[PDB]
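To be precise, the following lines are protein34.cif, and they hold mmCIF, C-alpha atoms and all ligand atoms.
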data_start
#
loop_
_atom_site.label_atom_id
_atom_site.label_comp_id
_atom_site.auth_asym_id
_atom_site.auth_seq_id
_atom_site.Cartn_x
_atom_site.Cartn_y
_atom_site.Cartn_z
CA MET A 1 117.07 52.56 143.65
CA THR A 2 115.79 55.23 146.02
CA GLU A 3 112.05 55.58 146.60
CA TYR A 4 110.39 58.95 147.12
CA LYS A 5 107.13 59.35 149.03
CA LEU A 6 104.80 61.58 147.02
CA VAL A 7 101.51 62.86 148.43
CA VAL A 8 99.03 64.26 145.93
CA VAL A 9 96.07 66.27 147.25
CA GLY A 10 94.02 69.30 146.26
CA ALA A 11 90.50 70.10 145.13
CA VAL A 12 87.97 67.96 143.24
CA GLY A 13 87.76 67.92 139.45
CA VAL A 14 91.37 68.99 139.02
CA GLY A 15 92.32 65.70 137.39
CA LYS A 16 95.02 64.55 139.79
CA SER A 17 94.48 60.86 139.06
CA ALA A 18 94.39 61.57 135.31
CA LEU A 19 97.93 62.97 135.42
CA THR A 20 99.31 59.91 137.21
CA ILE A 21 97.61 57.50 134.78
CA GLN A 22 99.23 59.40 131.90
CA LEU A 23 102.64 58.64 133.39
CA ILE A 24 101.91 55.16 134.74
CA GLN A 25 100.42 53.61 131.60
CA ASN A 26 100.17 56.68 129.34
CA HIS A 27 96.38 56.60 129.29
CA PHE A 28 93.88 59.46 129.37
CA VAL A 29 90.46 59.09 130.97
CA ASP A 30 87.68 61.56 130.14
CA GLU A 31 85.28 60.21 132.73
CA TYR A 32 85.91 61.30 136.32
CA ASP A 33 86.25 58.67 139.04
CA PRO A 34 86.00 59.33 142.81
CA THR A 35 89.53 58.46 143.87
CA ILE A 36 89.79 57.87 147.60
CA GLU A 37 93.33 56.49 147.69
CA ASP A 38 95.46 55.15 144.85
CA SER A 39 99.05 53.90 144.98
CA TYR A 40 101.14 54.52 141.86
CA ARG A 41 104.73 53.30 141.96
CA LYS A 42 106.70 53.79 138.76
CA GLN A 43 110.45 53.94 138.18
CA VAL A 44 111.29 57.21 136.48
CA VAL A 45 114.68 58.41 135.27
CA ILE A 46 115.14 61.88 136.73
CA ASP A 47 118.22 63.68 135.39
CA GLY A 48 119.91 60.39 134.59
CA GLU A 49 119.13 58.76 137.92
CA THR A 50 116.29 56.25 138.11
CA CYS A 51 114.16 56.81 141.20
CA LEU A 52 111.07 54.98 142.43
CA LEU A 53 108.17 57.40 142.71
CA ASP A 54 105.83 56.24 145.46
CA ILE A 55 102.90 58.44 144.49
CA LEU A 56 99.85 58.35 146.74
CA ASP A 57 96.80 59.82 145.01
CA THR A 58 94.56 60.63 147.95
CA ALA A 59 91.48 62.79 148.45
CA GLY A 60 92.04 66.14 150.13
CA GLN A 61 88.54 66.42 151.53
CA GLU A 62 87.21 67.43 154.96
CA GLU A 63 86.32 63.81 155.70
CA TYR A 64 90.03 62.98 155.46
CA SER A 65 91.41 65.96 157.40
CA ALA A 66 92.29 63.77 160.40
CA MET A 67 94.01 61.15 158.24
CA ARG A 68 95.78 63.65 155.99
CA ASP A 69 98.48 64.25 158.60
CA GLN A 70 99.30 60.54 158.65
CA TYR A 71 100.62 60.35 155.09
CA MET A 72 101.77 63.98 154.98
CA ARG A 73 104.40 63.28 157.65
CA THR A 74 106.05 60.46 155.72
CA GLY A 75 105.47 62.26 152.43
CA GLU A 76 108.54 63.87 150.90
CA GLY A 77 107.34 65.21 147.57
CA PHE A 78 104.21 67.32 147.34
CA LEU A 79 102.55 68.02 144.01
CA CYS A 80 100.31 71.07 144.43
CA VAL A 81 97.97 70.40 141.53
CA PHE A 82 95.45 73.20 141.06
CA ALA A 83 93.01 74.11 138.29
CA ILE A 84 93.13 77.23 136.13
CA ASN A 85 89.37 77.09 135.62
CA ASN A 86 88.55 76.59 139.29
CA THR A 87 89.92 79.67 141.05
CA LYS A 88 88.73 78.22 144.38
CA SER A 89 91.37 75.48 144.25
CA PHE A 90 93.95 78.27 143.94
CA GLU A 91 92.77 79.73 147.25
CA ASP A 92 92.65 76.28 148.86
CA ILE A 93 96.44 76.17 148.73
CA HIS A 94 96.51 78.47 151.77
CA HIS A 95 94.82 75.88 153.99
CA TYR A 96 97.16 73.19 152.67
CA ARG A 97 100.21 75.39 153.28
CA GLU A 98 99.16 75.81 156.91
CA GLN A 99 98.50 72.09 157.40
CA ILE A 100 101.61 70.84 155.60
CA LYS A 101 103.75 73.28 157.60
CA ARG A 102 102.23 71.85 160.78
CA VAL A 103 102.64 68.22 159.71
CA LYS A 104 106.20 68.65 158.41
CA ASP A 105 107.13 70.92 161.35
CA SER A 106 109.00 73.11 158.88
CA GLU A 107 108.13 76.23 156.91
CA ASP A 108 110.70 75.57 154.20
CA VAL A 109 109.95 72.25 152.52
CA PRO A 110 110.49 70.83 149.00
CA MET A 111 107.29 71.36 147.01
CA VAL A 112 106.16 72.11 143.45
CA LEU A 113 103.19 73.99 142.01
CA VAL A 114 101.47 72.55 138.95
CA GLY A 115 98.37 73.70 137.11
CA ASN A 116 96.44 70.96 135.35
CA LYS A 117 94.09 71.34 132.38
CA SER A 118 96.01 74.39 131.14
CA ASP A 119 94.73 73.55 127.66
CA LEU A 120 91.28 74.76 128.68
CA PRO A 121 90.05 78.05 127.12
CA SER A 122 88.39 78.93 130.40
CA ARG A 123 91.35 80.35 132.30
CA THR A 124 90.12 82.04 135.47
CA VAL A 125 93.43 81.81 137.31
CA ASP A 126 95.87 84.26 135.75
CA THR A 127 99.48 83.27 135.13
CA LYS A 128 100.72 86.32 137.04
CA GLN A 129 98.63 85.39 140.08
CA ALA A 130 99.99 81.84 140.09
CA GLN A 131 103.56 82.95 139.43
CA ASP A 132 103.43 85.58 142.18
CA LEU A 133 102.00 83.16 144.74
CA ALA A 134 104.59 80.57 143.72
CA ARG A 135 107.39 82.96 144.65
CA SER A 136 105.72 83.73 147.99
CA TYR A 137 105.70 80.03 148.90
CA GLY A 138 109.08 79.41 147.31
CA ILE A 139 107.97 76.77 144.83
CA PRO A 140 108.30 76.51 141.01
CA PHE A 141 105.28 76.58 138.68
CA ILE A 142 104.67 74.19 135.78
CA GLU A 143 101.70 74.26 133.42
CA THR A 144 100.54 70.66 133.07
CA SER A 145 97.91 68.90 130.96
CA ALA A 146 96.54 65.36 130.90
CA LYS A 147 94.90 65.70 127.51
CA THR A 148 97.60 67.56 125.59
CA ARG A 149 100.53 66.44 127.77
CA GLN A 150 102.60 69.59 128.24
CA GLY A 151 105.89 68.64 129.88
CA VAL A 152 104.19 66.30 132.35
CA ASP A 153 107.28 64.11 132.38
CA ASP A 154 109.54 67.05 133.23
CA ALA A 155 107.08 68.18 135.92
CA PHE A 156 107.93 65.06 137.92
CA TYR A 157 111.63 65.52 137.15
CA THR A 158 111.72 69.04 138.55
CA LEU A 159 109.91 67.79 141.67
CA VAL A 160 112.84 65.53 142.49
CA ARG A 161 115.26 68.31 141.51
CA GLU A 162 113.84 70.56 144.24
CA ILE A 163 113.87 67.71 146.77
CA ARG A 164 117.52 66.92 146.00
CA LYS A 165 118.54 70.47 146.87
CA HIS A 166 116.95 69.93 150.27
CA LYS A 167 119.51 67.19 150.89
CA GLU A 168 122.68 68.01 148.95
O1 LIG A 201 101.46 51.92 155.11
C1 LIG A 201 100.93 52.86 154.52
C2 LIG A 201 99.63 53.54 154.95
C3 LIG A 201 99.84 54.92 154.32
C4 LIG A 201 100.48 54.49 152.99
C5 LIG A 201 101.22 55.66 152.34
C6 LIG A 201 101.61 56.76 152.99
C7 LIG A 201 102.23 57.53 152.11
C8 LIG A 201 102.84 58.77 152.22
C9 LIG A 201 103.44 59.35 151.11
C10 LIG A 201 103.42 58.69 149.89
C11 LIG A 201 102.82 57.45 149.78
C12 LIG A 201 102.22 56.87 150.89
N1 LIG A 201 101.58 55.72 151.07
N2 LIG A 201 101.40 53.42 153.41
#
In structure tokens, what does this structure look like?
Ligand SMILES: O=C1CC[C@@H](c2cc3ccccc3[nH]2)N1
Amino acid sequence: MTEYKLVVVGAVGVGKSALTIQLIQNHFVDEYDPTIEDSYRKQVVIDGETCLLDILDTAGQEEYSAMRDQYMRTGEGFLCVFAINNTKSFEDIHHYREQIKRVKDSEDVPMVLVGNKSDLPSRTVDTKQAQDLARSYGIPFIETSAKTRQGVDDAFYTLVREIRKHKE
């Protein structure tokens, strides 16, 4: 059983932790909790092969900018979870791209783009904008949801799929 280091960062109010809880114990929390650092290790069967997802739900804030590089180096899988309502989180991906590139020492790395709370009527971030930017970075886009659960399981599957192509 191979373990995969997954670092989850982004903006605040996106519902990063909510997504993980939906996969870990299949539970949805309406109330928001200030997650500083949470370790979620669940064995998931990706494309027939069971892998151990070592997901680290951390806070991508300025107060953790000096510690971010610590886990980003060992991190293999990166879930770029942004919000469709909060267009600012969509622009925050630029800063992350620059940092991750510096921490990984590589421009081409295995990463996935996922938009949470896609079931919200307030869609500020347009699908074309997200899709276009996804191609620029070279990462796939998946519309996720913690309340409605829209292919959340497959979102994690595809993450490993991209990572596998970086090896084999
Ligand atoms: O001994 C430690 C301190 C950091 C923590 C950790 C790093 C990390 C990176 C990617 C994914 C999960 C991760 N968990 N383990």
Within 7 Å of ligand LIG 201 (chain A), which residues show up when you count only C-alpha atoms and all ligand atoms? List them as a list in words, please.
residues 5, 6, 7, 39, 54, 55, 56, 71, 72, 74, 75 and 76 of chain A
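Picture a line from CA of residue 146 in chain A to CA of residue 117 in chain A; it runs 6.6 Å.
The nearest approach to residue 118 in chain A among the residues A:36, A:59, A:134, A:81, with only C-alpha atoms taken into account, belongs to A:81.
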Of the listed residues A:64, A:157, A:141, A:28, that which approaches residue 50 in chain A most closely, counting all atoms listed in the file:
A:157
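For the pair CA of residue 13 in chain A and CA of residue 125 in chain A, the interatomic distance is 15.2 Å.
Look at everything within 12 Å of (89.6, 58.0, 132.3) using only C-alpha atoms, and the residues you get are residues 15, 16, 17, 18, 19, 20, 21, 22, 25, 26, 27, 28, 29, 30, 31, 32, 33, 34, 35, 146 and 147 of chain A.
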Saved selection, atoms kept: C-alpha atoms, as an mmCIF file, in the coordinates of the input:
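That gives us result_12.cif:
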data_model
loop_
_atom_site.group_PDB
_atom_site.id
_atom_site.type_symbol
_atom_site.label_atom_id
_atom_site.label_comp_id
_atom_site.auth_asym_id
_atom_site.auth_seq_id
_atom_site.Cartn_x
_atom_site.Cartn_y
_atom_site.Cartn_z
ATOM 1 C CA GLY A 15 92.320 65.700 137.390
ATOM 2 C CA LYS A 16 95.020 64.550 139.790
ATOM 3 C CA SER A 17 94.480 60.860 139.060
ATOM 4 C CA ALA A 18 94.390 61.570 135.310
ATOM 5 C CA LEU A 19 97.930 62.970 135.420
ATOM 6 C CA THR A 20 99.310 59.910 137.210
ATOM 7 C CA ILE A 21 97.610 57.500 134.780
ATOM 8 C CA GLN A 22 99.230 59.400 131.900
ATOM 9 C CA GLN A 25 100.420 53.610 131.600
ATOM 10 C CA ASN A 26 100.170 56.680 129.340
ATOM 11 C CA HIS A 27 96.380 56.600 129.290
ATOM 12 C CA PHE A 28 93.880 59.460 129.370
ATOM 13 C CA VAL A 29 90.460 59.090 130.970
ATOM 14 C CA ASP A 30 87.680 61.560 130.140
ATOM 15 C CA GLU A 31 85.280 60.210 132.730
ATOM 16 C CA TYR A 32 85.910 61.300 136.320
ATOM 17 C CA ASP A 33 86.250 58.670 139.040
ATOM 18 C CA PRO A 34 86.000 59.330 142.810
ATOM 19 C CA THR A 35 89.530 58.460 143.870
ATOM 20 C CA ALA A 146 96.540 65.360 130.900
ATOM 21 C CA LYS A 147 94.900 65.700 127.510
#
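Taking CA of residue 110 in chain A and CA of residue 152 in chain A as endpoints, the distance between them is 18.4 Å.
Among A:10, A:138, A:115, A:151, the residue with the shortest atom-to-atom distance to residue 68 in chain A, counting only C-alpha atoms, is A:10.
Remark: for residue 44 in chain A, the closest of the candidate residues A:1, A:142, A:114, A:79 is A:1 (distances computed over only C-alpha atoms).
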Give me the residues near residue 167 in chain A as a compact mmCIF listing (two decimals) with C-alpha atoms, in the frame of the given file, where near means some atom within 12 Å (using all atoms listed in the file) and where sequence neighbours in that chain fewer than 4 positions away do not count.
# COMPACT_ATOMS: atom_id res chain seq x y z
CA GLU A 76 108.54 63.87 150.90
CA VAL A 109 109.95 72.25 152.52
CA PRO A 110 110.49 70.83 149.00
CA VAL A 160 112.84 65.53 142.49
CA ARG A 161 115.26 68.31 141.51
CA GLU A 162 113.84 70.56 144.24
CA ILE A 163 113.87 67.71 146.77
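Between residue 139 in chain A and the residues A:158, A:65, A:122, A:127, the shortest atom-to-atom distance, using all atoms listed in the file, involves A:158.
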Min atom-atom distance to residue 8 in chain A from the set A:113, A:90, A:95, A:46, counting all atoms listed in the file, belongs to A:113
Exercise on range 130-146 of chain A, axis-aligned box with 8 Å per side, report centre and edge lengths in Å to one decimal, as AutoDock Vina command-line options:
--center_x 102.8 --center_y 75.5 --center_z 139.9 --size_x 28.5 --size_y 36.2 --size_z 34.0
